[PDB]
Structure formats: structure tokens, C-alpha cells
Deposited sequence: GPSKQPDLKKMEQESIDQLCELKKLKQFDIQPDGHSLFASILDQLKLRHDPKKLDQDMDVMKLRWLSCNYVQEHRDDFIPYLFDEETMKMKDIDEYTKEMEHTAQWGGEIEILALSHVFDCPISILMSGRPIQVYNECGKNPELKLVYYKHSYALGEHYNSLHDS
């Protein structure tokens, strides 16, 4: 029922009201990490950031934060049966599989920042509503095709 254009049109007007601007993050399996990387290089202090930070290293940081804070990520893997917390980290770190809510909350605590996800038909979600570092602003598309993320610049 052309839900792709319907979601894009609502997101377009949503950022117009929020004074935000969309990016063109390539919609492959690294969209979430690339959008977070772009938001880090845009809103974070460059003197306090790893300049050589790339996608697969953010893939390594999220997977290690889950491995050392496993109890904080167990509830995000049940409901059927439960996905093995360890096997989930080895497949997310070495492949190009789509990242989700687990990688957002993990990286939000890794960099001590809020990470906002803008969606159409939903209020803004803010992960780590409390990080002292500047908030990263992302946008999620459900119908633009599975989990595609993009970066949000100012104005």
C-alpha cells in the first residue's frame, strides 16, 4: 500500500519540525554503526575521540560491553526460547548482520551518551537518557528495505 513513501513523508516533516536534516547512510548491514560513527564525529569533541574509529571497531566495542555486562542484556534476548547471549555476540562481531536495540544501548554506555532513535508513528526513544556526552541523533526506517538506520544533522 506504498508504506515506503508514507513513512518517508512522515519522517521528512518530522525532522522539519525538529530542525533536523537526514543523511545518506548506505542501507547495508552496517547502517546503525555507520550512523553512530557519523553522529560521534559530528557532535562529540574531536580531541577526546579515537580518530581511527570505524564500523568494525564499534562492532567490537558493543560486543565486548555486552560480554562484560551480560546481565544487563539478557532480557533483550527472550520471547519462544532464549537466544544464546554468547553466540549473539560472536555473530554480531564477525559478520555484517543488522544491529539493533542491544548495540544502541551498549554503545550509548560505551561513549556515555544519549542515543535518540526517531521513528514515524512512535515517540522519540532515548537510550542512556543520562550520558554526559552530547546526544547522538539517529532515524530508523521500517519500510525502506531489514533494520535501516540513518544519521540526523542539525537544520
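Numbering the deposited sequence from 1, one finds several regions with no C-alpha coordinates, namely 1-5, 85-87, 154-155.
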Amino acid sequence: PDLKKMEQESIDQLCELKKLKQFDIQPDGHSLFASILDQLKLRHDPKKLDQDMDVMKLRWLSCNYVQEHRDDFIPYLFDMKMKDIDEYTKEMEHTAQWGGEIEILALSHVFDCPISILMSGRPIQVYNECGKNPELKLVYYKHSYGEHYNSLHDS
From here on, numbers count along this sequence of modelled residues.
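The mean C-alpha temperature factor is higher for 96-104 when 96-104 and 31-39 are set side by side.
In this entry, 82-90 has the higher mean Cα B-factor, the comparison being between 108-116 and 82-90. Highest CA B-factor among the listed residues (61, 49, 55, 124): 49. As recorded in the entry, 25 carries the highest CA temperature factor of 136, 25, 14, 139.
Residue 143 sits in the highest third of its chain by CA B factor, as recorded in the PDB entry.
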